[PDB]
Amino acid sequence: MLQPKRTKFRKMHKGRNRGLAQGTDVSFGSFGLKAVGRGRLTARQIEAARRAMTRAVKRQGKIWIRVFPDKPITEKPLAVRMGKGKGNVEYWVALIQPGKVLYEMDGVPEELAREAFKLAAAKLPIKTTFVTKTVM
Amino acid sequence: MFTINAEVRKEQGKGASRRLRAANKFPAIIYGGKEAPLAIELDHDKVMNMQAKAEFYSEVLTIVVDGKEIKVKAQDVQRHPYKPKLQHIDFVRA
Amino acid sequence: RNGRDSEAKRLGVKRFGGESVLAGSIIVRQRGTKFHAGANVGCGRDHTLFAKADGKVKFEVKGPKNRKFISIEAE
Amino acid sequence: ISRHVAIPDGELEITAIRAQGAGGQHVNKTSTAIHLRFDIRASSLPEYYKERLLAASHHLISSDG
Amino acid sequence: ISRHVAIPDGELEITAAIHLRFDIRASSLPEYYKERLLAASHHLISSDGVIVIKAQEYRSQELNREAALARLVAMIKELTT
RNA sequence: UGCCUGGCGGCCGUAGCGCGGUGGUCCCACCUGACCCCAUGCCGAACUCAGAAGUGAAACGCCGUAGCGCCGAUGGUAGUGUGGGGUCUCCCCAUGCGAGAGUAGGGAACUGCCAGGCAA
RNA sequence: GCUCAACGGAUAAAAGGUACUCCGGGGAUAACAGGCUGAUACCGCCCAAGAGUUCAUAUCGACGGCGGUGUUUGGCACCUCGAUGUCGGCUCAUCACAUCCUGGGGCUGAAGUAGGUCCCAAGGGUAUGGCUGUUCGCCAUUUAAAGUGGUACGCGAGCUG
RNA sequence: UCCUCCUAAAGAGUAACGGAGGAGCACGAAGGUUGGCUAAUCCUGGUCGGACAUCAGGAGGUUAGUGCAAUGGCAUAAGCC
RNA sequence: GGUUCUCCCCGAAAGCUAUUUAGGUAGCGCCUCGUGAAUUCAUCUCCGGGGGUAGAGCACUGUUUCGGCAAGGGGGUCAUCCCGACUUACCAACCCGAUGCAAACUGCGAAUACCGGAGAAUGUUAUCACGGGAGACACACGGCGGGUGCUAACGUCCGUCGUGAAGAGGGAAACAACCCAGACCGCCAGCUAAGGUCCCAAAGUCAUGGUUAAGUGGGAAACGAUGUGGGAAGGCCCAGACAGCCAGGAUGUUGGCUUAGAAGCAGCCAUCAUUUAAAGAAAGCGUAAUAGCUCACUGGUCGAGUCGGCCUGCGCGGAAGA
């Protein structure tokens, strides 16, 4: 659970999920897990993706996370009617636009990095792809 | 040595660029000196496998336009959001 | 558990630039000082901008900080 | 020293039936808002503390545990 | 439904042929049972919480190492109830 | 008139900050004195008067410099009015409009009134 | 000169009960039941660290994810307030297959017997009592087995109450 | 009941038992005018003084301040004397 | 609850304010009739405007990632009482660079919209003031922008538009709001609209080029798969490739280490050079440990293309209810 400590507000709007991504380039690392679909990555999944990737590479390499939740999403207590005020925050989600890179790797061969991202994709709700770091 | 063919466009817009990118050919631009920033339209497929080579972004390219040869230099490449496709290339007329 | 609200005060520019306003017409009803008084334009105590002469309104950008001024030329 | 609530998600069977006593037609009809669980002895979390629940005479716990 | 794990070997001040060890107070087991741990008057436990363990019957060094540690966790489970 | 300096505006970071060099007949600054006008909630620093031997460090003007700030195309992209469409928690097609960011590049100002100085 | 703060301020001055109720109305608004949704619940699936002597996928499968059904509790008030009588039991059923037994198969951490698990299959079959108003549930004793549900959680112009 | 913000779809306005917070005052001065001045916080040195006391220089620059909530606004100061 | 002849003209609203008000009512908004008035009002063009929303950005308000640097508290050799020397492997901010996010962030910023002026055509004056009389103030769905809700609901609350409401007729099988389309009356007339043209059922078993094997069409996901079409790039290739078949797959070895029995095959772990067309001190099975079959890999015969992935057109499973 990657929560931003000491924030400004406590509960915000759900809003929309429009347009393409911004952080689309493959930075720092040699590899990257790019987003294809349009979804909502929760903090628990993100934790699960990092867990299910360090097992493949086994402690070697550098793991960059090109994303962060920072969106307090609330839920209502079950068995209570509508209204009465907006619910209590339960979990944090990261809004995902198509084309956003999620994880980047370096210090790993093209073989082992590739299957590492194969396990990470199985823990996430959004459909993804795999891209290399291109020069210029 | 890295020569490729090109063609000038007739329409410059969102209606134009989207319409031509669907028929496998993408827009580009070249600029240098005090001439006109030429609106370049070239083939899509060939350039994709051409930019896969890293030497593409170092050597002075030799594109052609209506018989004339102009030696340019690739400066900026505007890739696609999530697809292995190309959108816009900014050459500098060297 | 809060649910409260204040009645809007209908601020903003009432009469725009290019209008031949009358003597005593409110040009802009603002809260801060988004627009300053200029030629033939009076600034109220609530920084409400009113007119003195007649004629069309012009929105001039001047000063070091590029703050916007408003004047009225008699045409 | 360190102790944390486990409550095996799924290992604890949970049923739901109607309530008893009085209370109009909401307690005899859709009163299935009442529970009745099932925690077999086959669960065995601590294994050795488990055998102490079984031989332990008590209510709310049958002979088969 | 309340998985138990009394993990020994941590913040210790085990001094010692027959052991005379102490237990650090500024850590280990929080305020709810720490106050229950700091409110025991049996004169084995001092007025600080640096508890003077005087285990002397379990002769051997390594034996009294764990026996005094046994004196620790037994005193702990009583005061963590 | 070529340049000079000072006052007052326009235009108001292309106009400004940083660095290096540089000007003194005149102007400006600095500087001298301060029992008088006036002055410090202490003090001739500030403020005011009366003068001005010396100087150009400082300040100011000017010059080089882009070392920073700033300005900023072309095309593409985002978006979007209206009309159609889809797989319609979001996009596509027609059509009109069309960014921001970034790139080439530009860039260390321009101009007016007045006053005497300058070789006139 | 009024926190006339229920703040356009009913009088200067005002709290409760009614299952003894009553009248006028409403499906503008609840309780049963139906409808939409499917959070929850149930089922199925994807991933695979680990467990399983060795061995991820014989049997499980944490961390997370993706659907299905419309049996639970809910959400929502769209039908009914010039009435849709509501638990259980009794009688009589009836359909679904996500199968409890019988049948037909694959795998096995299947020697044999007996088993575990998945697949095909709904023809037929699928207890009796003790306790409780019970559904459920516990227990005693059986049976090849004592299925899960849908049917206004079937059935009161059929009975019981 | 009233005030500011957001929701409010770049005029105004715009709901919800939507999301954040405040008011039921103060002052003869904190009002008017004239004149002057204009910060916060940091680096350094120094009688006790160290975390910041008072003083001095430097950087910095309104991140300050404004009798109060918040937004808007302010040095041509509405900020300070 | 009910409220009785006829025809012609126009034609609403379900909003805001306030209300012991919330299924009432009042004024205003929208209807009507009459009156009197100004090219008065509306669409288009041009022109003059301010906005800060979408988008975008990251100086500001906060938040977030990584790297370079970096004091101070502590840890320690120590002061071995402070002072203090040093390191800092630690908590390691502050500043510099590189990367994201925002309804309550803005050094940026549209399109629309809104206000005003001039200009032309058009519209039975469609604009406004005044008086008579109202109704209505329970709205519904669809589209677009949201709040809320589980980015559930024919859900709920707003903005705006449309329709129904108060509007039939054709179409979506049936189907108030969906798409087309505004019924003065009559006609056994003709042309189109959405949507359609084998039969039911009026109209092409129409014309040409391709696609699918599932009745996909004609309910759907993650995910899986030599389904199959198109397109591009790459690898090896008649000094003959791919795959079968003819054979080998070896030298030290128990591989040294725990040499406790674990002989390439329980396990650390490291791993050379030989005979040479080649052979990993090893891929799997089987093994206390063997062997064997061997697989990588390497030469011959046959003798021609073939291998692995990338982007997509359409399909298959995934896919079970009374």
# chains A, B, ... in the order shown; residues from 1 in each chain; ligands from 1
$ interface_residues --of "chain A" --to "chain B" --cutoff "9 Å" --atoms "only C-alpha atoms" --output "count of residues only"
16
$ interface_residues --of "chain E" --to "chain D" --cutoff "9 Å" --atoms "only C-alpha atoms" --output "PDB file with N, CA, C and O atoms, in the first residue's frame"
ATOM      1  N   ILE E   1      -7.282 -18.194  14.805  1.00  0.00           N
ATOM      2  CA  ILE E   1      -7.870 -16.885  14.389  1.00  0.00           C
ATOM      3  C   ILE E   1      -7.125 -15.720  15.043  1.00  0.00           C
ATOM      4  O   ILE E   1      -7.560 -14.568  14.965  1.00  0.00           O
ATOM      5  N   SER E   2      -6.007 -16.029  15.693  1.00  0.00           N
ATOM      6  CA  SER E   2      -5.188 -15.018  16.353  1.00  0.00           C
ATOM      7  C   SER E   2      -3.741 -15.505  16.408  1.00  0.00           C
ATOM      8  O   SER E   2      -3.047 -15.318  17.411  1.00  0.00           O
ATOM      9  N   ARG E   3      -3.310 -16.131  15.314  1.00  0.00           N
ATOM     10  CA  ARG E   3      -1.961 -16.670  15.146  1.00  0.00           C
ATOM     11  C   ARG E   3      -0.949 -16.108  16.147  1.00  0.00           C
ATOM     12  O   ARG E   3      -0.678 -14.904  16.165  1.00  0.00           O
ATOM     13  N   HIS E   4      -0.385 -16.990  16.971  1.00  0.00           N
ATOM     14  CA  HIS E   4       0.591 -16.601  17.992  1.00  0.00           C
ATOM     15  C   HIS E   4       2.042 -16.776  17.533  1.00  0.00           C
ATOM     16  O   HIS E   4       2.412 -17.792  16.949  1.00  0.00           O
ATOM     17  N   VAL E   5       2.859 -15.765  17.800  1.00  0.00           N
ATOM     18  CA  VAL E   5       4.271 -15.796  17.434  1.00  0.00           C
ATOM     19  C   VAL E   5       5.129 -14.998  18.418  1.00  0.00           C
ATOM     20  O   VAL E   5       5.382 -13.811  18.217  1.00  0.00           O
ATOM     21  N   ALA E   6       5.568 -15.661  19.488  1.00  0.00           N
ATOM     22  CA  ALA E   6       6.416 -15.029  20.499  1.00  0.00           C
ATOM     23  C   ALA E   6       7.873 -15.120  20.045  1.00  0.00           C
ATOM     24  O   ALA E   6       8.627 -15.968  20.518  1.00  0.00           O
ATOM     25  N   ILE E   7       8.261 -14.229  19.136  1.00  0.00           N
ATOM     26  CA  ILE E   7       9.613 -14.220  18.589  1.00  0.00           C
ATOM     27  C   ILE E   7      10.684 -13.667  19.534  1.00  0.00           C
ATOM     28  O   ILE E   7      10.785 -12.453  19.731  1.00  0.00           O
ATOM     29  N   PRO E   8      11.494 -14.560  20.136  1.00  0.00           N
ATOM     30  CA  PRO E   8      12.569 -14.167  21.055  1.00  0.00           C
ATOM     31  C   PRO E   8      13.764 -13.620  20.266  1.00  0.00           C
ATOM     32  O   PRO E   8      13.664 -13.376  19.059  1.00  0.00           O
ATOM     33  N   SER E  28      10.031  -3.078  22.736  1.00  0.00           N
ATOM     34  CA  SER E  28       9.324  -4.340  22.963  1.00  0.00           C
ATOM     35  C   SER E  28       7.944  -4.255  23.638  1.00  0.00           C
ATOM     36  O   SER E  28       7.824  -3.814  24.782  1.00  0.00           O
ATOM     37  N   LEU E  29       6.920  -4.712  22.914  1.00  0.00           N
ATOM     38  CA  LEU E  29       5.516  -4.723  23.354  1.00  0.00           C
ATOM     39  C   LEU E  29       5.011  -3.349  23.825  1.00  0.00           C
ATOM     40  O   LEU E  29       5.361  -2.874  24.908  1.00  0.00           O
ATOM     41  N   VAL E  73      10.122 -14.457  29.199  1.00  0.00           N
ATOM     42  CA  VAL E  73       8.882 -14.674  28.458  1.00  0.00           C
ATOM     43  C   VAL E  73       7.718 -15.191  29.298  1.00  0.00           C
ATOM     44  O   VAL E  73       6.555 -15.008  28.928  1.00  0.00           O
ATOM     45  N   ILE E  76       6.517 -12.238  30.947  1.00  0.00           N
ATOM     46  CA  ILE E  76       5.899 -11.441  29.895  1.00  0.00           C
ATOM     47  C   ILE E  76       4.471 -11.895  29.598  1.00  0.00           C
ATOM     48  O   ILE E  76       3.558 -11.070  29.541  1.00  0.00           O
ATOM     49  N   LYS E  77       4.273 -13.197  29.413  1.00  0.00           N
ATOM     50  CA  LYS E  77       2.938 -13.703  29.107  1.00  0.00           C
ATOM     51  C   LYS E  77       1.953 -13.492  30.251  1.00  0.00           C
ATOM     52  O   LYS E  77       0.747 -13.351  30.022  1.00  0.00           O
ATOM     53  N   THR E  80       1.078  -9.844  29.978  1.00  0.00           N
ATOM     54  CA  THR E  80       0.500  -9.473  28.689  1.00  0.00           C
ATOM     55  C   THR E  80      -0.870 -10.136  28.591  1.00  0.00           C
ATOM     56  O   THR E  80      -1.331 -10.498  27.506  1.00  0.00           O
TER      57      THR E  80
END
$ atom_distance --atom1 "atom CA of residue E:12" --atom2 "atom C1' of residue I:74"
19.2 Å
$ residues_around --residues "residue C:31" --least-positions-apart "4" --cutoff "10 Å" --atoms "only C-alpha atoms (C1' of nucleotides)" --output "PDB file with N, CA and C atoms (P, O5', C5', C4', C3', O3' and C1' of nucleotides), in the first residue's frame"
ATOM      1  N   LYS C   9     -22.527  36.571  -4.944  1.00  0.00           N
ATOM      2  CA  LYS C   9     -22.744  38.020  -4.982  1.00  0.00           C
ATOM      3  C   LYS C   9     -22.846  38.648  -6.377  1.00  0.00           C
ATOM      4  N   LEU C  11     -20.607  38.796  -9.083  1.00  0.00           N
ATOM      5  CA  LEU C  11     -19.460  39.635  -9.424  1.00  0.00           C
ATOM      6  C   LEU C  11     -19.155  39.594 -10.922  1.00  0.00           C
ATOM      7  N   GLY C  12     -17.963  40.062 -11.282  1.00  0.00           N
ATOM      8  CA  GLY C  12     -17.555  40.055 -12.676  1.00  0.00           C
ATOM      9  C   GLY C  12     -17.767  41.364 -13.414  1.00  0.00           C
ATOM     10  N   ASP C  46     -15.111  49.264  -2.234  1.00  0.00           N
ATOM     11  CA  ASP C  46     -15.067  47.803  -2.310  1.00  0.00           C
ATOM     12  C   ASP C  46     -14.354  47.479  -3.616  1.00  0.00           C
ATOM     13  N   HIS C  47     -13.646  48.481  -4.128  1.00  0.00           N
ATOM     14  CA  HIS C  47     -12.921  48.376  -5.385  1.00  0.00           C
ATOM     15  C   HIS C  47     -13.866  48.067  -6.534  1.00  0.00           C
ATOM     16  N   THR C  48     -15.054  48.653  -6.454  1.00  0.00           N
ATOM     17  CA  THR C  48     -16.049  48.504  -7.499  1.00  0.00           C
ATOM     18  C   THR C  48     -15.664  49.619  -8.465  1.00  0.00           C
TER      19      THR C  48
ATOM     20  P     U H  71      -6.993  30.104   0.719  1.00  0.00           P
ATOM     21  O5'   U H  71      -7.727  30.934  -0.432  1.00  0.00           O
ATOM     22  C5'   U H  71      -8.584  30.274  -1.394  1.00  0.00           C
ATOM     23  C4'   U H  71      -9.406  31.292  -2.163  1.00  0.00           C
ATOM     24  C3'   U H  71      -8.628  32.432  -2.806  1.00  0.00           C
ATOM     25  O3'   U H  71      -8.071  32.043  -4.060  1.00  0.00           O
ATOM     26  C1'   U H  71     -10.504  33.310  -1.670  1.00  0.00           C
ATOM     27  P     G H  72      -6.773  32.808  -4.632  1.00  0.00           P
ATOM     28  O5'   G H  72      -7.298  34.284  -4.939  1.00  0.00           O
ATOM     29  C5'   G H  72      -8.228  34.533  -6.017  1.00  0.00           C
ATOM     30  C4'   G H  72      -8.770  35.945  -5.932  1.00  0.00           C
ATOM     31  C3'   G H  72      -7.748  37.078  -5.957  1.00  0.00           C
ATOM     32  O3'   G H  72      -7.340  37.418  -7.284  1.00  0.00           O
ATOM     33  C1'   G H  72      -9.284  37.450  -4.204  1.00  0.00           C
ATOM     34  P     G H  73      -5.861  38.009  -7.543  1.00  0.00           P
ATOM     35  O5'   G H  73      -5.781  39.306  -6.615  1.00  0.00           O
ATOM     36  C5'   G H  73      -6.533  40.492  -6.937  1.00  0.00           C
ATOM     37  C4'   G H  73      -6.276  41.586  -5.918  1.00  0.00           C
ATOM     38  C3'   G H  73      -4.832  41.997  -5.668  1.00  0.00           C
ATOM     39  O3'   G H  73      -4.344  42.873  -6.681  1.00  0.00           O
ATOM     40  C1'   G H  73      -6.008  41.890  -3.614  1.00  0.00           C
TER      41        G H  73
END
$ select_by_dssp --residues "stretch 3-87 of chain B" --states "strand (DSSP E)" --output "ChimeraX atom specification"
/B:7-8,25-31,38-43,61-65,68-79,86-87
$ residues_around --residues "stretch 23-30 of chain D" --least-positions-apart "2" --cutoff "8 Å" --atoms "only C-alpha atoms (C1' of nucleotides)" --output "PyMOL selection string"
(chain D and resi 18-21+32-33) or (chain G and resi 31-32+86-87)
$ select_by_dssp --residues "chain D" --states "alpha helix (DSSP H)" --output "list in words"
residues 51, 52, 53 and 54 of chain D
$ write_last_selection --atoms "N, CA, C and O atoms" --output "PDB file, in the first residue's frame"
ATOM      1  N   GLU D  51      -6.603 -29.750  19.388  1.00  0.00           N
ATOM      2  CA  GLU D  51      -7.112 -30.930  20.086  1.00  0.00           C
ATOM      3  C   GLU D  51      -7.674 -30.596  21.467  1.00  0.00           C
ATOM      4  O   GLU D  51      -8.353 -31.423  22.091  1.00  0.00           O
ATOM      5  N   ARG D  52      -7.377 -29.383  21.935  1.00  0.00           N
ATOM      6  CA  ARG D  52      -7.837 -28.906  23.237  1.00  0.00           C
ATOM      7  C   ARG D  52      -9.210 -28.246  23.126  1.00  0.00           C
ATOM      8  O   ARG D  52      -9.852 -27.973  24.135  1.00  0.00           O
ATOM      9  N   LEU D  53      -9.658 -27.983  21.901  1.00  0.00           N
ATOM     10  CA  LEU D  53     -10.977 -27.389  21.681  1.00  0.00           C
ATOM     11  C   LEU D  53     -11.991 -28.530  21.592  1.00  0.00           C
ATOM     12  O   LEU D  53     -13.114 -28.416  22.098  1.00  0.00           O
ATOM     13  N   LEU D  54     -11.559 -29.630  20.967  1.00  0.00           N
ATOM     14  CA  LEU D  54     -12.364 -30.845  20.762  1.00  0.00           C
ATOM     15  C   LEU D  54     -12.731 -31.632  22.026  1.00  0.00           C
ATOM     16  O   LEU D  54     -13.903 -31.959  22.249  1.00  0.00           O
TER      17      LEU D  54
END
$ residues_around --residues "residue F:56" --least-positions-apart "6" --cutoff "10 Å" --atoms "only C-alpha atoms (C1' of nucleotides)" --output "PyMOL selection string"
chain F and resi 23-24+29-30
$ write_last_selection --atoms "N, CA, C and O atoms (P, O5', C5', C4', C3', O3' and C1' of nucleotides)" --output "PDB file, in the first residue's frame"
ATOM      1  P     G F  23      38.578  54.831 -17.874  1.00  0.00           P
ATOM      2  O5'   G F  23      37.308  55.729 -18.225  1.00  0.00           O
ATOM      3  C5'   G F  23      37.209  56.423 -19.492  1.00  0.00           C
ATOM      4  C4'   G F  23      36.051  57.396 -19.466  1.00  0.00           C
ATOM      5  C3'   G F  23      36.058  58.370 -18.296  1.00  0.00           C
ATOM      6  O3'   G F  23      36.874  59.507 -18.587  1.00  0.00           O
ATOM      7  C1'   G F  23      33.913  57.390 -18.496  1.00  0.00           C
ATOM      8  P     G F  24      38.025  59.966 -17.553  1.00  0.00           P
ATOM      9  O5'   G F  24      37.545  61.402 -17.056  1.00  0.00           O
ATOM     10  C5'   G F  24      37.035  62.381 -17.989  1.00  0.00           C
ATOM     11  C4'   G F  24      35.972  63.226 -17.325  1.00  0.00           C
ATOM     12  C3'   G F  24      36.420  64.020 -16.100  1.00  0.00           C
ATOM     13  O3'   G F  24      35.646  65.216 -16.010  1.00  0.00           O
ATOM     14  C1'   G F  24      34.763  62.471 -15.458  1.00  0.00           C
ATOM     15  P     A F  29      23.675  64.023  -7.306  1.00  0.00           P
ATOM     16  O5'   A F  29      24.654  62.826  -6.918  1.00  0.00           O
ATOM     17  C5'   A F  29      24.238  61.451  -7.059  1.00  0.00           C
ATOM     18  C4'   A F  29      25.409  60.519  -6.842  1.00  0.00           C
ATOM     19  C3'   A F  29      26.167  60.689  -5.535  1.00  0.00           C
ATOM     20  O3'   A F  29      25.509  60.016  -4.463  1.00  0.00           O
ATOM     21  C1'   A F  29      27.705  60.499  -7.324  1.00  0.00           C
ATOM     22  P     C F  30      25.692  60.541  -2.951  1.00  0.00           P
ATOM     23  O5'   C F  30      27.255  60.382  -2.669  1.00  0.00           O
ATOM     24  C5'   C F  30      27.863  59.076  -2.607  1.00  0.00           C
ATOM     25  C4'   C F  30      29.372  59.190  -2.564  1.00  0.00           C
ATOM     26  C3'   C F  30      29.957  60.038  -1.444  1.00  0.00           C
ATOM     27  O3'   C F  30      30.037  59.318  -0.212  1.00  0.00           O
ATOM     28  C1'   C F  30      31.031  60.577  -3.479  1.00  0.00           C
TER      29        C F  30
END
$ interface_residues --of "chain I" --to "chain B" --cutoff "12 Å" --atoms "only C-alpha atoms (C1' of nucleotides)" --output "number ranges by chain"
I: 231-234, 310-312
$ residues_around --residues "stretch 28-44 of chain H" --least-positions-apart "6" --cutoff "10 Å" --atoms "only C-alpha atoms (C1' of nucleotides)" --output "count of residues only"
17
